[PDB]
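[1] Let me see the structure of the following:
(2 chains, ligands or ions: 10)
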Amino acid sequence: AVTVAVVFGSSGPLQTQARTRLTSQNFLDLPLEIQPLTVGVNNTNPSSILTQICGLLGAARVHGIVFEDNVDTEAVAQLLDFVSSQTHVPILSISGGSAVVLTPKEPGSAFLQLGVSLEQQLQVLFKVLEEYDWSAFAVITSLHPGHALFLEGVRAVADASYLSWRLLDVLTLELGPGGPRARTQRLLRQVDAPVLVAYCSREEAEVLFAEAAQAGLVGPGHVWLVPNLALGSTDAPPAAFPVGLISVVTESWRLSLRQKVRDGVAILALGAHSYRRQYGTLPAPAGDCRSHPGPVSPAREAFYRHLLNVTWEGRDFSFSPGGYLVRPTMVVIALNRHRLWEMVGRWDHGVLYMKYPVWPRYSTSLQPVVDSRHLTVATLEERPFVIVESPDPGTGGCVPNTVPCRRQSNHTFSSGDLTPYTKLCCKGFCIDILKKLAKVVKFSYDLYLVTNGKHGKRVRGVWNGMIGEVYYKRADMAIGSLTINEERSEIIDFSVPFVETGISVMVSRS
Amino acid sequence: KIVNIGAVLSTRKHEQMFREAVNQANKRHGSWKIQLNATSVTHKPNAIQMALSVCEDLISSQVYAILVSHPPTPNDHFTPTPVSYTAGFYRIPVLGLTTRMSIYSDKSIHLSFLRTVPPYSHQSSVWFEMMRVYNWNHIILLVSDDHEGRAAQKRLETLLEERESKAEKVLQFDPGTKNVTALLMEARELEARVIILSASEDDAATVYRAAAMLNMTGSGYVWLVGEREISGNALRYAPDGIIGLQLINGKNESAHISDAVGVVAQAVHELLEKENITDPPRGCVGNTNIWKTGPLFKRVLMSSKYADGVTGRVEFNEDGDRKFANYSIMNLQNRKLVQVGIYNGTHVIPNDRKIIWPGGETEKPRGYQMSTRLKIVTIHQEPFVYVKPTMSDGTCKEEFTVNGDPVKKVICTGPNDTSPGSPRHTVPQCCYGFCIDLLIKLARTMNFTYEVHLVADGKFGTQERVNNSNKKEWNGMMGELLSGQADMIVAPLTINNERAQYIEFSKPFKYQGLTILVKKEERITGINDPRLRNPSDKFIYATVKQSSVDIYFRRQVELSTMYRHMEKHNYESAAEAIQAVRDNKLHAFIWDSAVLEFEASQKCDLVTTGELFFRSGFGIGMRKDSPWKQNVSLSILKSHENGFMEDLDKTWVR
Ligand SMILES: *[C@@H]1O[C@H](CO)[C@@H](O[C@@H]2O[C@H](CO)[C@@H](O[C@H]3O[C@H](CO)[C@@H](O)[C@H](O)[C@@H]3O)[C@H](O)[C@H]2NC(C)=O)[C@H](O)[C@H]1NC(C)=O
Ligand SMILES: *[C@@H]1O[C@H](CO)[C@@H](O[C@@H]2O[C@H](CO)[C@@H](O[C@H]3O[C@H](CO)[C@@H](O)[C@H](O)[C@@H]3O)[C@H](O)[C@H]2NC(C)=O)[C@H](O)[C@H]1NC(C)=O
Ligand SMILES: *[C@@H]1O[C@H](CO)[C@@H](O[C@@H]2O[C@H](CO)[C@@H](O)[C@H](O)[C@H]2NC(C)=O)[C@H](O)[C@H]1NC(C)=O
Ligand SMILES: *[C@@H]1O[C@H](CO)[C@@H](O[C@@H]2O[C@H](CO)[C@@H](O)[C@H](O)[C@H]2NC(C)=O)[C@H](O)[C@H]1NC(C)=O
Ligand SMILES: *[C@@H]1O[C@H](CO)[C@@H](O)[C@H](O)[C@H]1NC(C)=O
Ligand SMILES: *[C@@H]1O[C@H](CO)[C@@H](O)[C@H](O)[C@H]1NC(C)=O
Ligand SMILES: *[C@@H]1O[C@H](CO)[C@@H](O)[C@H](O)[C@H]1NC(C)=O
Ligand SMILES: *[C@@H]1O[C@H](CO)[C@@H](O)[C@H](O)[C@H]1NC(C)=O
Ligand SMILES: *[C@@H]1O[C@H](CO)[C@@H](O)[C@H](O)[C@H]1NC(C)=O
Ligand SMILES: *[C@@H]1O[C@H](CO)[C@@H](O)[C@H](O)[C@H]1NC(C)=O
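    Numbering: from 1, shown residues only, chains lettered A, B, ... in the order given. Ligands and ions are numbered 1, 2, ... in the order given. Take a look:
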């Protein structure tokens, strides 16, 4: 039996404490049924927090400690770093606040924040930007600390980025109490960019969004992309937050607090029981309320040598040497036009799965806006011209000179409710000519493969294929090995043919 | 309207002077209702109770600032760090005046920390002028693995990048650990003379004693550190002639207290006349919110240009640290620490004496020592490189040309056969041939010795995001050169723009092209056959991995499909591919014109087809910015003038 500490630090109602304490002993599903002792600080201050910590340190032989916090505090992470450095104690963080990742850590610390590094979030968001291939983007930050590291990170990613990713403008602004609007609000008014990437705090984001709405830089044709620090309280997004905001978080965002606590306890217990397997011994207890013994424990080193590569219930909860997580699964979340946060994509194992082949740019009055230039493109598979294949599995996505394409949804039963959409690599003669058309006429496009049959024929008096998708307004334009005939011509318009063909009789030479 | 200031000192006596210091403020500025007051404590070895008292005594009181100093026991960042955390919870400023740790320079973790002494990393900027003063270009960096060392390394990297220059290499080490003499050895076979170091006192002493074991104390070699590395045991093991930087104040805690009190009083008066100062949280317990005017007080502290300090102008930098600081240049002469100059900005000023260099000389040594023994790396290529096993006696066979002269052969070391199939025995073997002949000629022309050793992997190489990595990294001889294993390449290497960014190609020494080889009926249509354009299972073809042709087929995306064919059957060397084509395991091989025509004129039974779809040169490559490029360029020019390379070809191609 291992004794652990479940620390509550998000204030809130006091009903949380007992409603978690009775379930603390209800963890029988996990090996070596844990003896968790929980405590909750209703004041959330360094003195009381340290008092509880040191009291539980002197209370009994505890091995691992987990802590939860409210979504708008930062110093508690550093306080627990001090605890785990001075006392050499393994700890874990959950919920808002402490889960924020601090790239520098004291060498003697073992606090091991449970979150995602900022640069990894940048990697995910630039991959998403590649999905909608918006090479033009503007960098907008405030004078909030860490923005130097943020600009270093964006410089590093853009430097490691493949395409000539246009940094339209890198700029820093003043946010907080009031602030000078002169040459800063006018600076906003002179900023000209359709895609913006931001970095600031939660209330800084609240103020900046209000200014941007007051700046006139809001609405369709203006997209924002912000990190986790800017966002907060996904349940309660303020009115200042514009619709169509994008970020990426952990899958546990939607889980309940009890589930998060149980998962943290499970990870701790699995590390402990892996130690128990390999070395046949229970984990070495932690330090004391008073001063520290000195050097690191070799058994604590064993816990830090089997802890970093732990998994539980399908999820590999691996950690980075920087006291945070490495390549976990992430959910790309997006604020909708209903002022609600839902799932727009998923980044897992270096793979992006989005439910939106195109980005919906809803306008101010809660209505979608359709671009004139962007246009739905439909086709049928054909080896000489319409080459379809699986996306490159080694690196994800598609190779160059190839377009991402999709099946004709699954509208026979799934009219667009299947969020994992099977991407395909579409390349060929028709792909090349449509690429040239796009690069000349300067219009976007949306490609998807048609499934309901073949080219198209009036069946039972109604048409099908690309002919159906276009004549019945389900699509805009169709391309492929399409022959022009009158029966095809009365109901739909054709351009001038580009490559001539005809009927032919094929035979064996011998 | 009452004000109070918190102090955490170590002497327990300056505290009383601190009591005077606030009085000094009340004696330097008006009293009125400002009610300038003082509060002081001494930190404890156990920081828990220290922070608890800080809450129950300072935050609980009307304290608007906190200062801290260093304890007599050497622990540094051990003591003040929890304070930096505590202040962060309430955004109150904290002033640490006796710390050289760059960790405190962070604003993300230490929100409201300030220092009037720049950290050890800022010392880098100091030495930045050294090389500028004495015109030193070849600079070698050696740094500990500690974060302070990493910060100093990146700071000096930025500085040297400002002049669009670079250190020729940087090396890292662990603190107080075991074998370090490998680094000092590779420093011996390095090029530079002037060395710069950064470590702890015990670490510096270990480096000193190891370098003394390795004769690094001799003339020409120069070392450069701060004041940490020249104390105690490190000072004892530091040889004479070492140059160091000294703080003008160093340990005058009284001057630091006076200047801090003055600037604090000035900032407090400015805040009071700017009003809306709110109040301290009045206790850690209970009050859980942040202090709103904390950022405002921090920014006015940033702009607090209190120039009336005892140390002169107390000017904060961008990060809130002392800017245009004062230091002195000291030279260790005959066990005496002698000063030679002063530093306060963009220009060191000499004051007295002369620099007694570590080798005991009086003249300023140059920054490098050109090594007349260069490094030769290559790959075995029969048209250009012949490699044979030496006899039991370990020499080359007395094999003479048809004209009767012996072939000039050397002893190139390296693995006995390819590493996966080999037991990884770096067996020296006889090697000779065209490239060998020309390198011997140009060496006789420049009169320099050399060392011959073929490439480890056997592949040419390219930038690649290798497994478990992120940055595209070279391999092959380009990687071996960029690492410094070899200093210049001698091989029928192809010039490409990708290599051009990293390896200095001289003028081409030979011209050649790219073509296709088959056996002995569908004469292949060069690079215009559809049967290439749409790959077939009946026709199998490939090239060498990490090679120039791979780069070419990668650039032309229109050819990418054949590149997709490449990754199926790509070979690793010319011999196996040639035999397989002779065995019809492969159908056609894309490679150099010269290689294919050579084997055809010697082996027969196989023919090249199609024209030289890509013409280029084989040019002798070498390291960037090394002086020898112009010499070898004009040498190969004059060799083309008298046709000596043509004579070489007639010796090797009949
Ligand atoms: C393409 O040509 C096909 C043959 O000329 C023909 O498709 C066939 O259409 C019939 C429609 O009656 C399908 O039969 C379906 O309905 C019967 C009952 O009426 C069921 O018993 C069957 O199981 C089936 O559900 C055929 O299955 C279908 N054949 C194929 C191969 O699809 C249409 O003229 C054209 N069809 C399409 C899809 O383009
Ligand atoms: C070839 O390499 C050389 C060394 O890397 C260098 O050119 C050399 O420059 C020195 C300096 O002038 C010449 O030395 C002559 O001049 C000095 C100063 O007057 C005298 O003290 C010497 O005794 C000597 O007379 C070298 O002669 C000269 N080397 C050559 C081959 O000319 C350049 O990097 C390269 N220069 C050329 C021309 O290839
Ligand atoms: C001026 O400063 C002195 C010392 O810093 C204060 O004296 C202490 O005040 C605290 C709380 O204000 C008490 O808990 C201590 O018992 C006091 N000690 C002594 C020796 O007096 C004093 O209160 C401050 N006064 C003002 C007006 O700021
Ligand atoms: C430490 O610095 C203090 C000043 O902060 C020195 O005290 C005075 O320094 C001035 C310098 O111009 C002298 O003129 C005074 O005579 C000093 N006062 C006294 C009472 O001597 C102090 O001397 C310095 N001490 C050391 C060891 O550096
Ligand atoms: C984690 O890694 C260690 C070695 O680093 C290994 O022994 C262990 O089997 C791995 N898996 C665990 C602890 O579940
Ligand atoms: C390490 O280097 C060599 C062997 O690697 C050894 O002779 C030397 O004494 C060692 N030096 C130190 C400082 O450990
Ligand atoms: C150091 O110099 C001495 C002679 O002064 C020599 O015998 C010894 O081999 C040298 N050792 C090294 C490592 O340079
Ligand atoms: C110390 O630096 C200050 C900053 O300007 C200035 O007084 C001077 O450069 C130095 N002090 C003296 C006495 O030279
Ligand atoms: C640097 O030092 C000199 C001499 O102490 C002093 O005048 C001033 O602080 C600085 N002078 C210059 C020219 O930088
Ligand atoms: C021999 O080589 C040395 C150094 O490489 C050079 O100084 C000298 O001039 C050379 N002598 C001849 C005759 O080339």
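[2] Where do the helices of the stretch 1-150 of chain A begin and end?
    Under the criterion DSSP state H, counting those that start in this stretch, the stretch 1-150 of chain A contains helices at A:15-24, A:46-59, A:75-86, A:118-131, A:147-160.
[3] Out of these, which one sits most buried?
    Comparing the helices of the stretch 1-150 of chain A by mean neighbour count (mean count of other CB atoms under 10 Å in any protein chain shown), helix A:75-86 ranks first with a mean of 24. From N, CA and C alone the C-beta is placed, and that goes for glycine too.
[4] Show me what residue of the stretch 101-250 of chain A gets nearest to ligand 8.
    Residue nearest to ligand 8 within the stretch 101-250 of chain A: residue A:148 (26.1 Å; CB to the nearest ligand atom).
[5] Ok, the stretch 401-510 of chain A next?
    Residue of the stretch 401-510 of chain A nearest ligand 8, by CB to the nearest ligand atom: residue A:442 (59.2 Å).
[6] Near the residue nearest to that residue when sequence neighbours are not counted, how many other residues are there?
    With sequence-adjacent residues excluded and distances taken as CB to CB, 6 or more residues apart in numbering or on different chains, residue A:442 is closest to residue A:373, at 6.8 Å. The local packing of residue A:373 (other CB atoms under 10 Å in any protein chain shown) involves 10 other residues.
[7] quick one: secondary structure of residue A:373?
    Residue A:373 falls in the coil class when you classify it by DSSP: H, G, I helix; E, B strand; the rest coil.
[8] Report the separation between it and residue A:469.
    Residue A:373 is 20 Å from residue A:469, where distance means CB to CB, to the nearest Å.
[9] Same check on residue B:412?
    Applying CB to CB, the value for residue B:412 to residue A:469 is 68 Å.
[10] elements contacting the helix or strand containing residue B:507?
    Per DSSP states H and E, residue B:507 falls inside strand B:504-519. Packing partners of strand B:504-519 (3 or more CB pairs under 8 Å, 6 or more residues apart in numbering or on different chains; DSSP states H and E): helix B:574-582, strand B:588-592, helix B:593-603, strand B:606-622, helix B:628-641.
[11] try 6 Å this time
    In this structure, strand B:504-519 makes packing contacts with strand B:588-592, helix B:593-603, strand B:606-622, helix B:628-641, judged by 3 or more CB pairs under 6 Å, 6 or more residues apart in numbering or on different chains; DSSP states H and E.
[12] Tell me the strands beside the shortest one, with direction?
    Right, strand B:588-592. strand B:504-519 (antiparallel), strand B:541-542 (parallel) (DSSP bridges).
[13] OK, contacts around residue A:91?
    A:65, A:80, A:84, A:111 (CB atoms under 6 Å, 6 or more residues apart in numbering or on different chains).
[14] max-length helix in the chain?
    Using chain A here. Using DSSP state H, we find that the single longest helix of chain A is helix A:257-279.
[15] I was after chain B.
    helix B:253-273.
[16] List the buried residues of it.
    B:253-269, B:271 (16 or more other CB atoms under 10 Å in any protein chain shown).
[17] ok, and does that helix reach over to ligand 3?
    No - Helix B:253-273 lies out of reach of ligand 3 by CB under 6 Å from any ligand atom, never closer than 13.2 Å.
[18] Pull the number of nearby residues for residue B:423.
    Using other CB under 10 Å, residue B:423 has 9 neighbouring residues.
[19] Doesn't it lie inside a strand?
    No - the assignment for residue B:423, made by three-state DSSP, is coil rather than a strand.
[20] Excluding residues flanking it in the chain, which one is nearest it?
    Here the residue nearest residue B:423, using CB to CB, 6+ apart, is residue B:416, at 7.2 Å.
[21] what does chain B have sitting close to ligand 3?
    Applying CB under 6 Å from any ligand atom, one finds that chain B approaches ligand 3 through B:2, B:4, B:35, B:37-39, B:61-62.
[22] buried subset of those residues?
    Among the residues of chain B next to ligand 3, the ones that count as buried by 16+ other CB under 10 Å are B:4, B:37-39, B:61-62.
[23] ok, which pair from these is furthest apart?
    B:38 and B:62 (12.0 Å; CB to CB).
[24] And the closest residue to residue B:60 other than its chain neighbours, how close does it get to ligand 3?
    Nearest residue to residue B:60, sequence neighbours excluded (CB to CB, 6+ apart): residue B:283, at 4.3 Å. Separation of residue B:283 from ligand 3 (CB to the nearest ligand atom, to the nearest Å) stands at 11 Å.
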